[PDB]
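Here is how the chains run, residue by residue.
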Amino acid sequence: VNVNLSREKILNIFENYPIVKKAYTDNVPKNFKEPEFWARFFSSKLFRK
Amino acid sequence: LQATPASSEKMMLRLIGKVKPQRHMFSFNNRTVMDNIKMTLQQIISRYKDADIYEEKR
Amino acid sequence: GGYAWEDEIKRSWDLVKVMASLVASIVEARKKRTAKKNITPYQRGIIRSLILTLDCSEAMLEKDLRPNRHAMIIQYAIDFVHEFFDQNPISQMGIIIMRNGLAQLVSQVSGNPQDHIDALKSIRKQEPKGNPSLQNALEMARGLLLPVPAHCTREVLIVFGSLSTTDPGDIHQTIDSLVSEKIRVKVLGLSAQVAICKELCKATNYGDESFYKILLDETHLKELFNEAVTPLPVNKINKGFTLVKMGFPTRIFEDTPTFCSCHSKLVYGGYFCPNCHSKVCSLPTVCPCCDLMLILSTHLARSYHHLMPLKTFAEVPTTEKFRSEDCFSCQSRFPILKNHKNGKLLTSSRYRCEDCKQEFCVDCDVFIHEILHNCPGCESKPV
Amino acid sequence: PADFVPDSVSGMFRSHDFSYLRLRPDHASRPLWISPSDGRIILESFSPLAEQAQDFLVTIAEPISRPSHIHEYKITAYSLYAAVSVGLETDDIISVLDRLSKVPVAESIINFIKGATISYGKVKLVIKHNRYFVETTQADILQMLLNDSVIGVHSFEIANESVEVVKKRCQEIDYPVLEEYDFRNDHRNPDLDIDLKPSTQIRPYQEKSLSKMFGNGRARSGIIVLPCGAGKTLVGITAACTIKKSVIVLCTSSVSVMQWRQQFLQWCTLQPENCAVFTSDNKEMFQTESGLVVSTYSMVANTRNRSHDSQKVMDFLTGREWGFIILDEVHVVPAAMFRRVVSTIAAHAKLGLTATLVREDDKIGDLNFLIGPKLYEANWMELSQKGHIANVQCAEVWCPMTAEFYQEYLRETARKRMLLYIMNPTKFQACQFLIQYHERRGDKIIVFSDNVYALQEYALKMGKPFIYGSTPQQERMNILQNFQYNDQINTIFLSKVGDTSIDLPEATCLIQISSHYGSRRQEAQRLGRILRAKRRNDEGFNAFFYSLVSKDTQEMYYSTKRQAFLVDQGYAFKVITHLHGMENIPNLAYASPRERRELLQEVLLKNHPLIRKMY
Amino acid sequence: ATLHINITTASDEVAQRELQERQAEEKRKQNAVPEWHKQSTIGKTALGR
Ligand SMILES: [Zn+2]
Ligand SMILES: [Zn+2]
Ligand SMILES: [Zn+2]
Ligand SMILES: [Zn+2]
């Protein structure tokens, strides 16, 4: 299954959900790349919540 | 990742690397362990392949 | 416990059961004539700066309007641009669309209708999508209407198709800013009465709730588009009565092409500016070399009929002795007019004028209400 | 006439000049034209007040044709019988026809209305304890029948086998028999709790047909014709749920019996313990006081020495008074002993469900005597435009016969001519090109040919599966499953197996290579196998029907005869004498003259326990 | 079963819609009326080799 993530969708996720942007700042420049971070987030319980 | 089906007798997981390609053998005893390890490792190689594709496009 | 098939036959043929019909049409016509009796010489803003906001959302993909909503609005906007620049030449106009939550300005505020026609034709090809933003369109129009001079009235026409809008900020602050800038907004809605559009129209039009219009069918949309070409009557509190400086250019004749001052292209004809001797392609436009309006006498003449509109002609009484058996303007014989057997000359088609008392038929009456704007009898009177 | 002066332009009209009827002043609102010669009614659909007359005509008249603009109806006796039965009195019909017609209603038409409508409902056939009694409310009607006296308030018992003769004789006399089942007031037959499931929706045309059947509150025996895939089986289920009596259903194939059992157990609240099947494998009957039994025409009408179990089941069927019979594919009822299934079974109500109500002989006109009047006609264009059935593009490809093939066509007998005009190489090329083109479009294609040798030759030449009579059943199922699911198999070649009732996957293209003479029934049955496609919900979808015929042969005559029924339904067969892509297709079957000559010569080549061991 | 995400820059995605338009064009070819059905083939030459 494939889902399309536009850049504007990423910005809307950051604006509507500051918790995701907080997880974006301390992980993506540090440990893993941005698509890996989003694939981890979409399979996490945080996305379901 | 080459995986064995549940109908087969021996459970073993084959790993294929990239640049001669490196090949590794991972045999297991229990079928639930194979299921969990293959879904976790398939998810992480899917994430890494998506990251590599995004880096190659950029 | 029964069944639908066991019921008695519908017998719809047996359900069908089979003069003064002209009276039944003419009472509705008189109600139409009664609505035209409110004739007043209200002061209207001739010089207008109209901003046409056209929806280009997902609700524009609805097929309640033939063939889709978006194409019909674009075509009727083309017709509206043609009619508006035919009746209001001095007035300028810009076109904004709301697409994907953003206000896209597709033609700058200019007096040339051809650019707006080309812009609307270009927008007709694209597919509407997105969730419309009223606040973005209002802010873009506010930015567009900011350099408009005080004598030129600031009007916005919003053709809103959707029922809900998503804004990036508080739309009430935008409404208050538009009220503070004397910008009048008229909204034509497609589906139902949206409360924010009604509030915006009421605030911008000094409490007048009649500027929010919703269609009923195809022809009602045509009538609502044709209603907006008339200049809006201004309020008494508006004191922007300023003299406007313009010159009347002369159509230069030359067999040698010359560079125009507006487009820098080779045009044979033109209009030399009476102030700075610079030529332009078309009229009425600002002079590109000295920022002066350049109009003709006909451009002023097109908007005089709003300033002195004719009083509507009165239906003649049936018992009143008619002056002429035929018409006065076109000498058409008024018919026997017997709607029923003993009708005699009931609802006689003569329309008495209020000054010259001349008789006009219904064809002449609707022709003076549409194409002409002067009563022939009032001019034939030796005053 | 009305003293009308004959014009010189009325010379070639064979007494059909109806200009003596004075035109009404308010005629333009009235959409009808009544012809006094034969009761034919001309309706204009485009005028106002057309549907409010269209329902009146479909209640009181039989539609000859229903094209787009002008509809043509027939006032007949049987239509008037159903008209008065559903509650339309005689004066109401005359008053409405007078009100809704431009020309005045002629006195001959009015007298026909009075004559056909009166003397109806006098003689009635009732069944009491598996015994047929003909009953009349008036005494002297018994004494005026002295010719066909088969006697064995005022009623006398007739024999069970002689009921058809009585119905024919009373139809010849001005007293037609009334066949209505008052199931509401019938208490001798035990009721059933059969009822439709609430999840099952019924289409409005099916509701209209059942309102024609159950108009007066009493079940009326008759015939209902619907297109294939329009849900005639559901109409049968709903009729059984309406009557709520013991139901016997007759079919033509055992697979049809299985399908009818499946449809009964799915759409309505009938337990499997109330359902019984009388086939070769299954012969167990329901043990309850009432229920459903489904069987085949052949086993019920078997004159041969049947088995003991089948004899016991037949005795159970005959000794039980049935409240309802559903005859699927009623066009085969007028056969020799398929006629007798209405005599061997005492059924109060008889509903004949069909799709192809035509036969090449006149015995298709005997079903009003056997089952009852033709209750409902489905408008196939009206169902196609509403998406209930597919919008087929009927066509007829003209394949010219080659020089060496046509020479042999004329110096041959008709039986060999039949084989020879099928196998012309231009028909091979046309069929191959159509298969390639419609396979590139992604269409499931059925190629019908009644000739077995032609079917095999076409399939071997084109590399496609073929199904005919001698194919094993498991191979047929495997081929059909590959046709339904495998995308590499989009074309199946079917013989007359596909014409009769077998289950097929959904197909959108049909190519008719050959045919069984002028069988209109087979033509409409073949068209019915592409009329129920799944893609009907798709906008702009059209199914395709090709009848590949050899030019200047007798196949043209039979093809026109077969198409004569479908043009009555409204289908237009556009001729195709040219196919764009003939010269540019990669492979042409029999393109070289030597290959055509080889094909021609191949077609012509077709025509004491101890002494027992020594013996 | 397995999850895949697509990080898009929103410039290629429009072209992706054009690709969908290509599929829509294929949907026009699947439902296309054949050339012998839309017009009369009488004036053309007869079918053959
Ligand atoms: Zn210029
Ligand atoms: Zn100037
Ligand atoms: Zn006049
Ligand atoms: Zn006047």
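Residues numbered from 1 in each chain as written, not as in the entry; some residues may be left out. Chains lettered and ligands numbered in written order. Part of a larger assembly, values for the part shown. Heavy atoms only, no water.

Going by the header, the method for this PDB entry is cryo-EM, and the resolution given is 3.1 Å.

What follows is about the sheet that holds strand β6 (residues 132-136) of chain D. All names here are of chain D. Pairing is antiparallel in the open sheet, where 3 strands are placed in the order β5-β6-β7. At either end of the open sheet lies a strand with only one pairing partner, and these are β5 (123-127) and β7 (154-157). For this sheet, the mean inter-axis angle between neighbouring strands, taken without regard to orientation, is 25 degrees. Looking at chain direction, β5 and β6 are connected through 5 bridges and run antiparallel. Counterpart to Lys124 in the pairing with β6 is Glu135. (Pairing = 2+ DSSP bridges. Helix = DSSP H or I, 4+ residues; strand = E, 2+ residues; numbered from the N terminus. Axes fitted to C-alpha atoms, helices over the stretch in contact; angles between N-to-C directions.)

For the rest of this paragraph, the subject is the interface of chain E and chain D. Each partner contributes to the interface: chain E provides 18 residues, whereas chain D provides 31 residues. Of the roughly 2,200 Å² buried between chain E and chain D, counting both surfaces, carbon and sulfur atoms make up 57%. A per-residue breakdown of the area chain E buries against chain D is headed by E:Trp36, E:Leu47 and E:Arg49, which together make up 39% of the total. For the pair chain E and chain D, the number of links is 12 residue pairs in polar contact. For the side of chain E that touches chain D, the secondary-structure elements that each account for two or more residues are α1 (12-30) and α2 (35-38) of chain E. (Contact = heavy atoms within 4.5 Å. Buried area = accessible area lost by both parts, 1.4 Å probe. Polar contact = N/O pair within 3.5 Å; in protein donor to acceptor, adjacent residues only side chain to side chain.)

Tetrahedral metal sites with four donors have an ideal angle of 109.5 degrees; octahedral sites with six donors have ideal angles of 90 or 180 degrees. Residue and element names in this part refer to chain C. Binding of the zinc ion (ligand 2) to the protein goes through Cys273 (SG), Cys276 (SG), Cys287 (SG) and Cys290 (SG), at separations of 2.3 Å. Angles of 107 to 112 degrees at the metal separate the 4 donor atoms of the zinc ion (ligand 2), which places the site in the tetrahedral class. Motif for the zinc ion (ligand 2), donor spacing along one chain: C-x2-C-x10-C-x2-C. Taken as a pair, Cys276 in the loop between β11 (270-272) and β12 (279-280) and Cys287 in the loop between β13 (285-286) and β14 (293-294) lie far apart in primary sequence, 11 residues in all. Taking the relative accessible area as the measure of exposure, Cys276 reaches 30% and is therefore partly exposed. (Donors = N, O, S within 2.8 Å, 3.2 Å for Na, K, Ca; no water. Tetrahedral: all angles 85-135°; square planar, octahedral: opposite > 155°, others 65-115°. Buried < 20%, exposed > 50% of the residue type's maximum accessible area, 1.4 Å probe, protein only.)

In this assembly, 9 residues from chain E lie in contact with 13 residues from chain A. Buried surface at the junction of chain E and chain A, both sides included, amounts to about 1,100 Å², of which 52% is carbon and sulfur. A per-residue breakdown of the area chain E buries against chain A is headed by E:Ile5, E:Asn6 and E:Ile7, which together make up 49% of the total. At the junction of chain E with chain A, the criterion picks out 0 salt bridges. At the junction of chain E and chain A, the tally comes to 9 residue pairs in polar contact. Here the side of chain E that touches chain A gets 4 residues from one element, more than from any other, and that element is strand β1 (residues 4-7) of chain E. Within the side of chain E that touches chain A, the residues separate by chemical class into 4 nonpolar, 4 polar and 1 charged. Note: strand β1 (residues 2-5) of chain A against β1(E), 4 bridges, orientation parallel. Residue A:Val3 lies in a different strand from β1(E), and its bridge partner there is E:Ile5. (Salt bridge = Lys/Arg side-chain N within 4 Å of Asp/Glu carboxyl O. Nonpolar A, V, L, I, M, F, W, Y, C, P; charged D, E, K, R; others polar.)

All names here are of chain C. Note on the zinc ion (ligand 1): its protein donors are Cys260 (SG), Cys262 (SG), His263 (ND1) and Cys281 (SG). The metal-donor distances range over 2.1 to 2.3 Å. Around the zinc ion (ligand 1) sit 4 donor atoms, and with donor-metal-donor angles ranging over 73 to 137 degrees the site reads as irregular. Mapping the donors of the zinc ion (ligand 1) onto the primary sequence gives the spacing C-x1-C-H-x17-C. Assessed through its relative accessible area of 34%, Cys262 is described here as partly exposed.

This paragraph deals with the nonpolar core. Residue and element names in this part refer to chain D. Counting 74 residues, the largest nonpolar core has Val249, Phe264, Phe324, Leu527 and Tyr571 as its most contacted members. Sorting elements by how many residues they give to this core places helix α8 (residues 232-243) first, with 6 residues. The contact partners of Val249, leaving out residues within four places of it in the chain, are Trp260, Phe264, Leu292, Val293, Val294, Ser295 and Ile326. Listed in part, the 48 residues of the second largest apolar core include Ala395, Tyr421, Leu455 and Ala589. (Core = buried A, V, L, I, M, F, W, Y, C linked by side-chain atoms within 4.5 Å.)

All right, on to the environment of D:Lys374 then. All names here are of chain D. As for its placement among the helices and strands, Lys374 is situated in strand β16 (residues 374-377). Residue classification places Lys374 among the partly exposed residues on the basis of a relative accessible area of 48%. Each C-alpha atom of the pair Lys374 and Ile530 lies 25 Å from the other, and the pair is 156 residues apart in sequence.

Residue and element names in this part refer to chain D. Taken as a whole, the largest cavity spans an internal volume of roughly 220 Å³. What lines the largest cavity is a set of 18 residues, and nearest its centre among them are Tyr78, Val177, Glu179, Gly372 and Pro373. Of all the secondary structure elements, the ones that give two or more residues to the lining of the largest cavity are α2 (77-85), α6 (163-172) and α13 (367-370). Counting residues per element, the lining of the largest cavity draws most heavily on α2, at 3 residues. When its residues are assigned to classes, the lining of the largest cavity shows 10 nonpolar, 4 polar and 4 charged. (1 Å grid on protein atoms, 1.4 Å probe; cavity = no way out; pocket = protein on both sides within 12 Å on 5 of 7 lines; lining within 4 Å. Points joined across faces, edges and corners; volume = space filled by probe spheres on them.)

Moving on, we come to a nonpolar patch on the surface. A cluster of nonpolar side chains, contributed by C:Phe248, C:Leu300, C:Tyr304, C:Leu307 and C:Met308, occupies part of the molecular surface with about 480 Å² of accessible area. If you trace the backbone, C:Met308 turns up in the loop between α10 (304-307) and β15 (314-315). (Patch = residues over 30% accessible without salt bridge, like charges linked within 9 Å, V, L, I, M, F, W, Y side chains within 5 Å. Areas by Shrake-Rupley, 256 points an atom, 1.4 Å probe, with all protein chains shown as cover.)

Time to look at the arrangement of the chains. Looking across the 5 pairs of chains in contact, one finds the most contacts between chains D and E. As for chain D relative to chain B, no contact occurs, and the smallest C-alpha gap between them is 26 Å. Nowhere do chain C and chain E come into contact; their C-alpha atoms are at least 12 Å apart.

Here we come to the environment of D:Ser550. All names here are of chain D. Tracing the sequence through the fold places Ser550 in strand β22 (residues 543-550). The exposure class assigned to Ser550 is buried, which follows from its relative accessible area of 0%. The spatial distance from the C-alpha of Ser550 to the C-alpha of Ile173 is 49 Å, given a sequence separation of 377 residues. Look past the residues within four positions of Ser550 in its chain and what remains in contact with it is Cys399, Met401, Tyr421, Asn424, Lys427, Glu555 and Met556. A distance of 2.4 Å separates the side chain of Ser550 from the backbone oxygen of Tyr421, its partner in a polar contact.

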